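These notes are about the structure you will find just below.
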Ligand SMILES: C[C@H]1CN(S(=O)(=O)c2cccc3cnccc23)CCN1C(=O)Nc1ccc2c(c1)OCO2
Ligand SMILES: C[C@H]1CN(S(=O)(=O)c2cccc3cnccc23)CCN1C(=O)Nc1ccc2c(c1)OCO2
Ligand SMILES: C[C@H]1CN(S(=O)(=O)c2cccc3cnccc23)CCN1C(=O)Nc1ccc2c(c1)OCO2
Ligand SMILES: C[C@H]1CN(S(=O)(=O)c2cccc3cnccc23)CCN1C(=O)Nc1ccc2c(c1)OCO2
Ligand SMILES: O=c1[nH]cnc2c1ncn2[C@@H]1O[C@H](COP(=O)(O)O)[C@@H](O)[C@H]1O
Ligand SMILES: O=c1[nH]cnc2c1ncn2[C@@H]1O[C@H](COP(=O)(O)O)[C@@H](O)[C@H]1O
Ligand SMILES: O=c1[nH]cnc2c1ncn2[C@@H]1O[C@H](COP(=O)(O)O)[C@@H](O)[C@H]1O
Ligand SMILES: O=c1[nH]cnc2c1ncn2[C@@H]1O[C@H](COP(=O)(O)O)[C@@H](O)[C@H]1O
C-alpha cells in the first residue's frame, strides 16, 4: 500500500470537501429566474427553498424560525433551554400563521418529555440532534418517535458521515438523514478528536444509502458560500442546513457587536464551553453582520438559481444529477 | 469510487488551471526574435499577435481597439452602452485606417438590431457574448448571424467550458469558440454558483471538439502572466482574450486612481453590481497602472516568444503541439 | 515512471502526516467517559493513559516525571546532564511513591555506565535514545541491555521510521519501538539533512513489523493537537510521546517568559546549538504557557476519549483497528 | 484522459521539486564525520566537496573561485565582462596555488575567442553556459571545444531539463551535463515564458540519459537548504551548483546593504534587466548576509554529511542509490 502498511482498507477513501470541486456547466434551457427551487426536507414535507437554519442558540429561536418559514425554508429551534420555553417558541411560530417549524431533541433523560411537549405545541418536524447518530440509543429514539408520533410528525435523525450510518438511520425509520460530522465553521472536533469526514464525500456516501429508500439527505455544516449550497445538492442532498451563513442576520439571537469599526454578531458552537455552561468541540466566535434574513436568503437562493441555469437543472431533482470537476490547490 | 458514491462519472475529470502546469523545453532551432507569432482568430481572420482584448467597459472602447489592432491583435468592443454608441465606436476604429475590430452582442431582445447596426458600421467580427453558450437561444443566434451576414462577418460564440458545448457551437456554425466559464480574475461565479472549469482542462476539452473541424479556440479569462498565454496556446487555443492584463493600460477606459502612493485603474466584471446598474457574479476592483498598451503587448509577446524558443515552436501551430509537465503545490 | 527516471522504487511511498488524515466515525456503543484509555508502553508495562513525556531538558526532569506518573502516564528523564544527577532524579521520583519512571541513555562511551547507574537507582524503563536506531551500535546496546538487565527493566529502542528498521529493533530484543525521524516541532533535520518520514506512514510501516511480534510502537514527534494522539494510536501505535504539548506546562523545566504581554516557556531541540553546548538539527524556541500538567493531560485524554466514542473503540486495542479518510489541502 | 483531451502524452509527467520529497533513513554504519563527500564534477575531475558556485556576477569572481577551490569545491567565473578581464580572473585564481577553476562561455560571436583566451589563462573547466542546451548551436560549441581543447580541458554543457536534451549533450561530447531550466531562486522564466521543469524530476530524467554513459550531472538552481543538496545527489546528480546559498557570503561580489537594521547583499539573475544592461527572465533581489564562505560551506557539507549518516551512504556514489518518500502539502 503506497501510503503504508499492508491493509488497503486502512485509509478507506479520499475525502473531498466543497472547495475540492466545481459544478460543470451543461446543456441548458433553464433560466435562473425560472428554475424550481423546491425540494424535500423529509419524505412528506417539501419546502419552497431548500434551506433550513441550524438548531443553535446563536442562530434559531422563534424570530428566525418565522422568517425562515416565510422565506420558504424552515427553522429548527435549538434545545439549549428549558422544555417549556422551547415549546413556547413553537407556539409563537404557530401564532404567526400556517408556518412550518422544527425543533431539536437529544437522547438524554429529558429528551422524550421534550419531544412530547413539542408535539403538544404543534411542531411539524422533530430533529433527533446528535453529533453521532450511529448509536443504538439514537436509533432507538428515532424509531420510537416514528412509531409513536410519526403519523403527524416527521422525524429527522443525525448526524452521520458514512454510508453505514445513514443506512442504520433509514432502517430505524428516519424521514430524513442529516449529514455532517466535523465540518462546521465553529467545529473543533477535527482537531480535538481527530475525527471528521469531508462533506462532499460524506454526502455522496450518505445519499448512496438514502436515495434508494426515498429518504432525503440534509447537508449540515461547512457551507461557506451560496455556491456550496448548489454543490451539496448536486452531490445528492435535498436540503442544506446553515449556521454561519445565517448567524450574521438581524433575526438571529444576540446583539450587534462593534469591533474596530465593523459590525459583527456572536456565533458559537453548541459544543463550546459557553454553550455547554469539560472538553469542548466548538469555539465561540463572531460573524459579520449581514442584515435582514430575507435579503441573505435572496442572495443564497440567487446563487443556487445561477447554478441551476449553468447546469440545465429545471428542478432540484435534476440538479442532484449534475457532474463535478475536481480541482487542485492552485485552482 | 475512492471519492464517494458508486458512480465513477459523478466527478467527471481532474481540472487543471494554468498554475498546475509548465511547458517542457524541447529540441529547438528557434530563436525567440524569429518565431512567427501569427495565429487564427477565426477560420478566416489571422492576427499578427494572438491576443484580443476583453469586451468589458473597463477594458475595450475605441481607443483600446485601435491600439490593439495597431499592435497586431484586435479589440472586442463591449456592449454595455447604447447600440448607436457602440456602432459609432466601430466607425471611429475604421476612421483610423484599415484596422480589424470586433464587437460584442447578447441574445436579448435588442441583440439582433445591435448586430445589424454593427454590420452597417463595418465590424469585422461579431462576438456572441454570453456566460453560457450551451443553450438553444445562443446557438440559434450564432447560426442566424452566420447564415445572414456570414459571408462578410466572422461570428464568434462563447463562452463554453466543455467538449459538448464546444461541439454544439461548431455545429451551429461558429467561426471561433471562446472558452472560459468562471476563470476570470474578477469572477465570482465559482463562489456564487459553485460552477466553473479550470482553464487548461477546459481548453484541452474544447480543442478536442473544435480542432478536428478547423475552428479556432479563444482562451478567455484567468490569464495572469505572459507565461499563461503560452500555456493556453500550447493547450491548443489559437488566441487569448485578456481583461486584467490590459485593464491597467493607458488606452483602457477610466481614470487613474491614486491609493497609498501607488497608481491603479478600476477594473470591474460585467456581472458586477456596478456594471449591471441582483445577484452579481463579478466584483469591482482595481489593477496596477501599467503604462502604454504597446509596451504591455511587447512584454506579453516577448514572453510568448521566449516560450516558442524553449519549446522549438517556429509557429503557433507548432506551439499547439508542445507538452506539459504537471507540477505540485510545492512547485 | 510518472515522476521521472525508470525506477519505480526510487520514490518508495507517499508519506502521510497527521494533517493528511481524519478518523472516520463508526458504529458505537461507547461513551467517551467510559472508554478504557489504558495501553501497553512496553511488552510488560501497561499505562492508564497512553502518553509519555519526551526525554528533553525543557520537558522532563523529576517534577514532570512525577506528575506524568500520577496522571497515569510516564516521564522519560533526559540525559543531558551528569550520570549522578540523572540517577538522583530517578531516586527522587521513587521517593514520591510507587511511580513508574523511564530514563534515556545514548550509545556513547558513558552510556553503559549511565544505564547501570539508572538500574541501581531503580529505573523501570531504559530508553536507548538516538536519532537513528537502524545501526549496529544501537542494536547492540539494546540487545546487551535486554540480556543483562532485561528481567527487571524494559528496554525501548528508537528512533525509526521504516519497517526494516523497526524489524531490526524487534530482532535485537526491544520491548517497545519508538517511531519518529524528523517530525518533531523543533526539528530541522528535514531541512538540514533532507531526511524524514511523515508520521502516519512511518507508524503504519513500523507497526507492520512490530505488531506481529507483540512489540508496542511509541509514536514520537509531530503531535500538535489532542486529535493527533487518536490518529497515532489508530495508525497502530500503542502510546504517544509528547514534547511541544507538554513543554508549556508548570511541571516542565525552565522559567516563565513574558513577551509582548503573553506568557511562554522555552522549548528547545536536543539537537539545537544550545542543548549541544556544530551542525544543529533542532531549534531553540518557545511555546505558550499552558498551566498545570494535570489540566493539559485531562484535555488531551478528553480528546482521545471523544475519538474513542466516535469510532466505537472501547479500548485502545480497538482504536488501533479504526479507519481513516485521506483529506486534501482544501480540507 | 482525466485531465482533458484524448492525448495521454500531452501532460508528459508529474514534476517533483525538492520540497516534494524526503530521503528515507536506511541501515547505516556510517557516521556523518566519516562519510566521504568527494564526487565527480566531470568525467575526469573529482572534487573533495560536491559543490560549485554559479557563474553569476553577484556570486563568482576570483575571490569566490579561490575560496571555493580551497574549501574543496570549485567556482565558475561569470562571463558578464570583457574577455581580457575574465581571463585575468582565471590567472588570479592560478596565482593562488594549484587551484581548480572553471569559467562560463556563451555560444555568441565572441564565445570562441573567449574560450581560447580562457584556455590560454589556464582554465580547467569550460562551462558552455546557456538557458537551453537542446540546440544545434550549443551542441556544436560543446563538440568543437571537446575536439579542440578536450585533452587538457573538461567541457560542461547546459542547461537541460529533459532526458532527450541530456542525451544530446552526451552525444556531443560533454564531460558533464548541467540540469536546471527555470528553477533558480531569482528566475522568472516560469512566469514569463510558462516554461520549466521541477528539479527532482529533471535530475531523475537527465541522470537516466547521463549515468549509463558515465557522464556526471550537475544540479543547478532551486537549492534553498543544505538538505536540498542531499536530495539532488540522491536523485542522481554528482554535484550541485549554488547561487542564492553563496551570494550572501563575504567572498561574493558586491557591497553590504543595510535595510531595516538587517544586513543583505544584492543577488540578481543574469537575465535581469540590470545584468543584461528587453524581456527579462530574472529579478534583481537581495539575500541575507551570511558571513565567510568557509563557514557557509561547512554548514552545507555538515547537512550533507548528516544525510549520508541517515541513509547509510559511505560515499556520494552510495547516496545516489538512496530512496525518497513523496510528501503532501501538509507535510
Ligand atoms: C456535546 C455533544 C455535541 N457535540 S457538538 O456540539 O460539538 C456537535 C453538535 C452537532 C453536530 C456536530 C457534528 N460534528 C461534531 C460536533 C457536533 C460534540 C460532543 N457531543 C457528543 O455527544 N459527543 C459524542 C460523540 C460520539 C459518541 C458519543 C458522544 O457517545 C457515543 O459515541
Ligand atoms: C449577467 C450574465 C453574464 N455573467 S458575467 O458577466 O459574470 C460573465 C460574462 C462573460 C463571461 C463569463 C464567464 N463565466 C462567468 C461569468 C461570465 C454572469 C451572469 N449572466 C448570465 O447570463 N448567467 C446565465 C448563466 C447560465 C444560464 C443562463 C444565464 O440562462 C440559461 O443558462
Ligand atoms: C545529535 C544527535 C541527535 N539528533 S537530534 O537531537 O536532533 C534528535 C533526537 C531525537 C530524535 C530525533 C529524530 N529525528 C531527528 C533528530 C532527532 C540529531 C543528530 N544526532 C545524531 O545522532 N545524528 C546521526 C544520524 C544518523 C547516523 C548517525 C548519527 O550515525 C550513524 O547514522
Ligand atoms: C538571456 C538568456 C539567458 N537567460 S537567463 O539568464 O535568465 C538563465 C541563465 C542560466 C540558466 C537559466 C535557466 N533557466 C532559465 C533561465 C536561465 C534566459 C534568456 N536567455 C536565452 O538565451 N533564452 C533562450 C531560450 C531558448 C532558446 C533560445 C534562447 O534560442 C533557442 O531557444
Ligand atoms: O460546537 C460545535 N462543534 C461542532 N459542530 C457543531 C457545533 N455546534 C453546531 N454544530 C454543527 O455545525 C453546523 C453549523 O455549521 P456551519 O454552517 O458551517 O457554521 C450545525 O448545524 C451543527 O451540525
Ligand atoms: O463579472 C464577471 N464575472 C465573471 N466573468 C467575467 C465578468 N466580466 C467579464 N468576465 C469574463 O472574464 C474575462 C476576463 O478575465 P481576466 O483576463 O482574468 O480578468 C472576460 O473576457 C469575460 O470572459
Ligand atoms: O533537536 C531536535 N531535532 C529533531 N528532533 C528532536 C530534537 N530534540 C528532540 N527531538 C525529538 O522530537 C520529539 C518531540 O517532538 P514534538 O512533540 O513535536 O515537539 C522528541 O520526543 C524527539 O524524538
Ligand atoms: O536571470 C536568471 N533567470 C533564470 N535563471 C538564472 C538567472 N541567472 C542565473 N540563473 C540560473 O539560476 C542558478 C542559481 O539558482 P539559485 O541557486 O536557486 O539561486 C544559476 O546557477 C543559473 O543556472
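Counting neighbours? That spans all protein chains shown, and the Cβs are built from the backbone with ideal geometry, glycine included. Each reported figure results from applying straightforward, stated rules to the coordinates on display, with no laboratory input.
Quick look at the values:
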{"item": "Spherically averaged projected area in nm², based on the convex hull that wraps the Cα atoms of region C:248-331", "result": "9.6 nm²"}
{"item": "Relative counts (whole %) of C-alpha pair distances in region C:222-293, using bins that are 10 Å wide", "result": "19, 38, 33, 9, 0"}
{"item": "Square roots of five times the Cα gyration tensor eigenvalues for region D:129-284, Å", "result": "28, 17, 16"}
{"item": "Residue D:113-residue B:257 FRET efficiency (beta carbon distance; Förster radius 56 Å; 0.05 resolution)", "result": "0.55"}
{"item": "Distance from region B:236-266 to region B:187-235 (C-alpha centre basis), Å", "result": "20 Å"}
{"item": "From the C-alpha gyration tensor of region A:36-90, square roots of 5λ in Å", "result": "22, 11, 9"}
{"item": "Stokes-Einstein diffusion coefficient of region B:76-128, Kirkwood radius over Cα pairs, 25 °C, 0.890 mPa s, in µm²/s", "result": "230 µm²/s"}
{"item": "Compactness index (Cα Rg / 2.2 N^0.38 Å), region A:131-190", "result": "1.15"}
{"item": "Beta bridges per DSSP with both ends in region A:18-326, % antiparallel, nearest 5", "result": "35 percent"}
{"item": "Sequence-separation-based contact order of region C:138-235, relative, with Cα cut under 8 Å and 6+ spacing, percent", "result": "27 percent"}
{"item": "Minimum Cβ-to-axis distance in chain A for the rotation onto chain D, with residue, whole Å", "result": "A:329, 3"}
{"item": "P(r) histogram, all alpha-carbon pairs of region A:255-301 included - 10 Å bins from 0, percent", "result": "25, 35, 34, 7"}
{"item": "For residue B:212, label point 7 Å along C-beta direction: distances to other copies, nm", "result": "3.7, 3.7, 5.2"}
{"item": "Dimensionless Rg ratio for region D:156-232, taking C-alpha atoms and the 2.2 N^0.38 Å reference", "result": "1.05"}
{"item": "Over region D:18-326, volume per residue of the alpha carbon convex hull, in Å³", "result": "130 Å³"}
{"item": "Region B:1-146, Rg to Rh (Cα coordinates; Rh as Kirkwood inverse mean 1/r)", "result": "1.10"}
{"item": "The protein assembly as shown: C-alpha gyration tensor shape, a/c 1.5 cut-off, then a/b vs b/c", "result": "oblate"}
{"item": "Ascending list, in nanometres, of distances separating the residue D:278 label from those of the other copies (7 Å, Cα toward Cβ)", "result": "4.6, 4.6, 6.5"}
{"item": "Which of A:43, A:146 has the fewest Cβ neighbours within 10 Å, and the rest in rising order", "result": "A:43, A:146"}
{"item": "Antiparallel DSSP beta bridges within the protein assembly as shown, as percent of all bridges there, nearest 5", "result": "30 percent"}
{"item": "Column: log10 I(q)/I(0), Debye, Cα scatterers of region C:1-76, q = 0.11, 0.16 Å⁻¹", "result": "-0.58, -0.84"}
{"item": "Nm distances between copies for residue A:298, ranked from closest, using label points 7 Å along Cα→Cβ", "result": "5.1, 5.1, 7.2"}
{"item": "Likely footprinting exposure, B:225, D:310, D:267, fewest C-beta neighbours within 10 Å first", "result": "B:225, D:267, D:310"}
{"item": "Cα pair distances exceeding 22 angstrom across region D:94-221, given as percent", "result": "35 percent"}
{"item": "Region C:197-331 - share of DSSP beta bridges that are antiparallel (%, nearest 5)", "result": "70 percent"}
